[PDB]
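S.K.: The structure that follows is given in the form of structure tokens.
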Amino acid sequence: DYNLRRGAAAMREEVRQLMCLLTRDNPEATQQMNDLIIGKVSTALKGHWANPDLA
Amino acid sequence: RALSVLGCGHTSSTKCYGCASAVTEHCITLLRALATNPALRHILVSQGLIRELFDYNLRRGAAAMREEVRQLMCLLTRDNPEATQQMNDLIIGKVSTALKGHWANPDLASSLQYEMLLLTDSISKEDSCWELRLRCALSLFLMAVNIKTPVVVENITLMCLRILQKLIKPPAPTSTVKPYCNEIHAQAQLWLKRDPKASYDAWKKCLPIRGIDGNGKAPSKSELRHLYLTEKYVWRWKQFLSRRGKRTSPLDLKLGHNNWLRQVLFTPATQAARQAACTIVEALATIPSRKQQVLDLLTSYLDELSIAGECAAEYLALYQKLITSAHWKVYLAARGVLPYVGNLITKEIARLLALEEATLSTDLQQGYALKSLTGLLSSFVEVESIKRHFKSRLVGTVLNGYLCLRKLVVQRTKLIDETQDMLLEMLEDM
Amino acid sequence: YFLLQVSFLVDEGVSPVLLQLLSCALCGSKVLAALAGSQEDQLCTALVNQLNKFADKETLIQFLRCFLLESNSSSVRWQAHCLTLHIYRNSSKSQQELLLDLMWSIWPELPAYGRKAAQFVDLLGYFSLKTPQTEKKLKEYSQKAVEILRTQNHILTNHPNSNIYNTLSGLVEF
Amino acid sequence: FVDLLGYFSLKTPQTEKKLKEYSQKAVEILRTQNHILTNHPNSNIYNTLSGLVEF
Amino acid sequence: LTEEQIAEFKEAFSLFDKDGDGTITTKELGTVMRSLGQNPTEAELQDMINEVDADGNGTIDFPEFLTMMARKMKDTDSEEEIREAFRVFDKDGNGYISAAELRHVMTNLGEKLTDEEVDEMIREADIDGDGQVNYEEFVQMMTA
Amino acid sequence: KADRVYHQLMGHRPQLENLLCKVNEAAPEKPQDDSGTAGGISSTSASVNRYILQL
Amino acid sequence: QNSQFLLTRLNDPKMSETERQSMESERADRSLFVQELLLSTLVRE
Ligand SMILES: [Ca+2]
Ligand SMILES: [Ca+2]
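Protein chains in written order, with full-length UniProt numbering: chain B, 3911 to 3965; chain P, 3857 to 4031, 4044 to 4298; chain X, 3302 to 3337, 3385 to 3522; chain W, 3468 to 3522; chain E, 5 to 148; chain Z, 3745 to 3799; chain G, 287 to 331.
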């Protein structure tokens, strides 16, 4: 929710690596992040033409 | 025509994004022309033009084209309940969904930027449908104020406050109902729920017409007592009818002292929101009983001034403006505002003392709350009767404050010096 | 009628002079045409009635697309705008409806002319709201306008480099 | 400082109770800072400027 | 009345105590009452301000203000004025108030109610359903 | 002195917020050929959004 | 200037004196309604 999009690009890539580490060999953890991404994509697609902030 | 058929003028190429946008602009101009005719306007709304304009044409094109699209949508919804209800619902859906995970998706800055400008321009259009538009505005305002995120405040709450301010304080007139003194005959929870019991028509029906008081040269002493009795027991008749449950229940002029009012009066996101809230409260202060209630609200919020420091400049200006008459100064003094401000000054000076022995943290506004509280106390003391009745009770706190301020050496700020001088003047005067 | 019909086989350089002659005939913007009492207006109405008696719908359609749409010279387009506006004003109800129908027939072909169409659209809109018209054809005109809008909106949305143009319009001034 | 902390936190064999305590402390500080940044008065300004202008 | 209350009345009375042109003292005392914790309707305020005209600027003494408030206090009830109400509500003498004079009172106040609303009001007041309302029913509603 | 320079720094805040709102509108304002060319405005800079440049 | 375009010239302001008074009264009543609405919004639950 918070650390994925804020900070320097190196900090963003470190946050992504940290999440990937948290979801390593953890079926519950990996599922959570996967579902978050799915929901985000779906709501953005709900109005990709309506809202061009999808990217 | 044979030569013209062979070749004449020039044509655009296929997939011409530029010319395709030019044709879109021509369509917008033509539709703005057609929408003028009411029958054509209804036909276009029935076509589904509002949704198309909302989804696609609101955000693309030159800024002049965007404002023309917004005007076109306003024209379609003008004096059109079905169209205006639909547009208001679209606005709520797009704004409400953005509030969800606003921290997760900060695009809000530009996402609702256009939807809320549509609501603002719509409110500007004056029509009987104004009710649904005001409903949408109030709902969005409350939702966004429940949020402290500046991105959310500065967009949604700021445009909602501006809409409410332009509605409450109408563009100055260039050429009918008075509220009950002790009651609020309108309801907000019911009105937002589209209940026909609470509405502008029903509300305006509830209150009496202003009419003409007359009796310019007629004392009407007997008539004054008569009207007193009839008013009192007619209100009693309605109150009893309502507790039996056969009539809608009016609302009592009473506030919680921790409402969105303070939340906005103090908003570090921008002064715009604070200034709009100050204007709204100043316009709510039209009626003397409502003046009393908002004065109680503000003197309760007084603590948030100390909390927020220099962000409360607008609230301070509003509060001093509302009590510029010694009448309301004396009223507040009777309620006990003077001990409250004295305790606040003592607490602020103690906090400075506590920081004096702590780290040497330099602050530019250090003492704005202290200076403002002392200015309020001086303004109250500048009335003779309050001075007479509260000299013995304020001498102790002024002495303690001045003595504790004299201890300050490292944290002594220009504002602290002005506060100490004001306390000295007050003490000499006491 | 022959001056218009000739204005078909002439260059865009000769077009304005013929258009200005037609304007002095329809008491249009002769001064504007050059730059780009009651009996007199009676003669103007007589001349437009004579032209409508001669000018079939095909030639009317042809010059209306030729000068209002394919001119490529805004000055000739304004001359045609003034000429057609005065033609419609000085015409009676039947020719007014017929001219409005012809321009609404040209309306679907608008995407091929882009910006040039501006003046054309003007007249269309004005006429569409100036002629008392039946509900059926009002709905037809509205449907045509909204259909063109939907087509252009879908084209812009699905355009291969729509994302690029949107983002650049957001950032660098182009 | 943080460097040493992290290293030590993963270098000393430690009980589950204090492991949970250390994790809770770290995530609590992260939550506090995230809320501070999200609700910061000029957070919108800094986010937008970081987006557009180099500084 | 406990001293605690008379002391509070004197406190605000002394705080608002002021003199000048017109009848400021009357206005100052109306503000005292509202400050004390009892807000009278604009009509009540005007009535009391008139109900005190002993000296210039509506001179009011603390005993005088005590007398003023003692009459209504919290305005909880006043069967004496409730009878006077029935006397007024019933424009023609007294006996039984009717919808006509009820709507007359409503207009004199400045409220416009549809005859249908007036009928609702009279149906509520009447108990024996004789189309008439006496103190028995006026008082009943005022104490309902 | 700090009080004074404080006012100047925070005095720009409102103007900066205005520039932010204007850029967020993302309007295609074609480069305006201002008669005054005394300022060293390169073609690339002129191409860069003026709101962006003003910010 | 901008008078060449008929469509832009279309907008016609027209507003009468008694209807001025009625509209101003409507604005005042709407303002009062919004004031009561916000005050009822602030009322403690
Ligand atoms: Ca009777
Ligand atoms: Ca009876």
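The beta carbon of each residue, even a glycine, is placed where N, CA and C say it ideally should be.
Since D21(E) and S4253(P) should fall inside the 8 angstroms C-beta cutoff, what is the C-beta to C-beta distance between them, to a whole number of angstroms?
M.R.: 6 angstroms
S.K.: Using only the heavy atoms of ligand 2, determine whether one of them is closer than 7 angstroms to the beta carbon of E312(G).
M.R.: no
S.K.: Does the CB of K4282(P) have a neighbour CB from chain Z at under 8 angstroms?
M.R.: yes
S.K.: Using a threshold of 7 angstroms, is the CB atom of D96(E) nearer than that to any non-hydrogen atom of ligand 1?
M.R.: yes
S.K.: Output yes or no for whether 8 angstroms exceeds the beta carbon distance between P3459(X) and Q3491(X).
M.R.: no
S.K.: Check the Cβ-Cβ distances between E48(E) and every residue of chain P, and say whether any is below 8 angstroms.
M.R.: yes
S.K.: Taking three-plus beta-carbon pairs below 8 angstroms as touching, is the stretch 3885 to 3897 of chain P in contact with the stretch 3922 to 3942 of chain B?
M.R.: no
S.K.: Should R306(G) go down as buried or exposed, given a rule of 16 or more other Cβ atoms within 10 Å for buried?
M.R.: exposed
S.K.: Would you say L4190(P) and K4239(P) are within 8 angstroms of each other, going by their C-beta atoms?
M.R.: no
S.K.: Within the continuous alpha helix (DSSP H) that includes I3899(P), where are the two ends?
M.R.: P3894 to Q3903
S.K.: Within 7 angstroms: the Cβ of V4162(P) and any heavy atom of ligand 2?
M.R.: no
S.K.: What in chain P is Cβ-close to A3960(B), meaning under 7 angstroms?
M.R.: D3911
S.K.: Any Cβ of chain P within less than 8 angstroms of the Cβ of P3459(X)?
M.R.: yes
S.K.: Would you kindly report the start and end of the unbroken alpha helix (DSSP H) that includes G3957(P)?
M.R.: Taken as a continuous stretch (DSSP letters only), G3957(P) belongs to no alpha helix (DSSP H), as it is neither H nor E.
S.K.: Could you give the first and the last residue of the continuous alpha helix (DSSP H) run that contains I3512(X)?
M.R.: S3510 to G3518 is the extent of the alpha helix (DSSP H) around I3512(X).
S.K.: Can you give me, in chain order, the residues of the stretch 4098 to 4109 of chain P that have a beta carbon less than 8 angstroms from any beta carbon in chain E?
M.R.: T4098, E4099, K4100, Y4101, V4102, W4103, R4104, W4105, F4108 and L4109
S.K.: Tell me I4052(P)'s beta-bridge partners as DSSP assigns them.
M.R.: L4119(P)
S.K.: May I ask whether a heavy atom of ligand 3 can be found less than 7 angstroms away from the beta carbon of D130(E)?
M.R.: Ligand 3 is not among the ligands present in this structure, which contains only ligand 1 and ligand 2.
S.K.: Would you check whether ligand 2 has a heavy atom nearer than 7 angstroms to the C-beta of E84(E)?
M.R.: no
S.K.: Report the residues of the stretch 3901 to 3932 of chain P with a CB closer than 7 angstroms to any CB of chain B, ordered along the chain.
M.R.: So the list reads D3911, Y3912 and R3915, given in the order they occur along the chain.
S.K.: Count the CB pairs spanning the stretch 4047 to 4064 of chain P and the stretch 314 to 326 of chain G that are closer than 8 angstroms, and state whether there are at least three.
M.R.: Touching, per the Cβ criterion.
S.K.: If you measure from the CB of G99(E), is any heavy atom of ligand 1 nearer than 7 angstroms?
M.R.: yes
S.K.: Taking 8 angstroms as the CB-CB limit, is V3494(W) close to chain Z?
M.R.: No, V3494(W) does not count as interfacial toward chain Z.
S.K.: Determine, using beta carbons only, whether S3324(X) and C3430(X) come nearer to each other than 8 angstroms.
M.R.: yes
S.K.: Would DSSP call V137(E) helix, strand or coil?
M.R.: strand
S.K.: Cβ closer than 8 angstroms: which chain P residues qualify as neighbours of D3963(B)?
M.R.: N3961, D3963, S3966 and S3967
S.K.: Could you round the C-beta distance between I4077(P) and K116(E) to whole angstroms and report it? I think they count as a contact, below 8 angstroms.
M.R.: So it is a contact: roughly 6 angstroms between Cβ atoms.
S.K.: My output table needs one value for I4012(P): the three-state DSSP class, helix, strand or coil.
M.R.: Helix at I4012(P).
S.K.: Counting contacts by CB-CB distance shorter than 8 angstroms, is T3499(W) in contact with chain P?
M.R.: It does not: the Cβ of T3499(W) has no partner Cβ on chain P nearer than 8 angstroms.
S.K.: One question on the structure: do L4017(P) and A4144(P) come within less than 8 angstroms of each other, judged by their Cβ atoms?
M.R.: Between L4017(P) and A4144(P), the CB-CB gap stays under 8 angstroms.
S.K.: Sorry if obvious, but does the Cβ on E105(E) come closer than 7 angstroms to a heavy atom of ligand 2?
M.R.: Not so, every heavy atom of ligand 2 lies at least 7 angstroms from the Cβ.
S.K.: Within 8 angstroms of any Cβ in chain P, is that where the Cβ of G114(E) sits?
M.R.: yes
S.K.: To the nearest angstrom, report how far apart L3497(X) and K3331(X) are at their CA atoms.
M.R.: 36 angstroms
S.K.: Taking any Cβ of chain W, which residues in the stretch 4005 to 4018 of chain P have a Cβ under 8 angstroms from it, in chain order?
M.R.: Taking 8 angstroms as the Cβ-Cβ cut-off against chain W, the residues of the stretch 4005 to 4018 of chain P that qualify are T4005, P4006, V4007 and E4010.
S.K.: To which residues of the same chain is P4006(P) closer than 7 angstroms at the C-beta, ignoring the five residues directly before and after it?
M.R.: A4137
S.K.: Hey, is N3514(X)'s beta-carbon within less than 8 angstroms of any beta-carbon in chain B?
M.R.: yes
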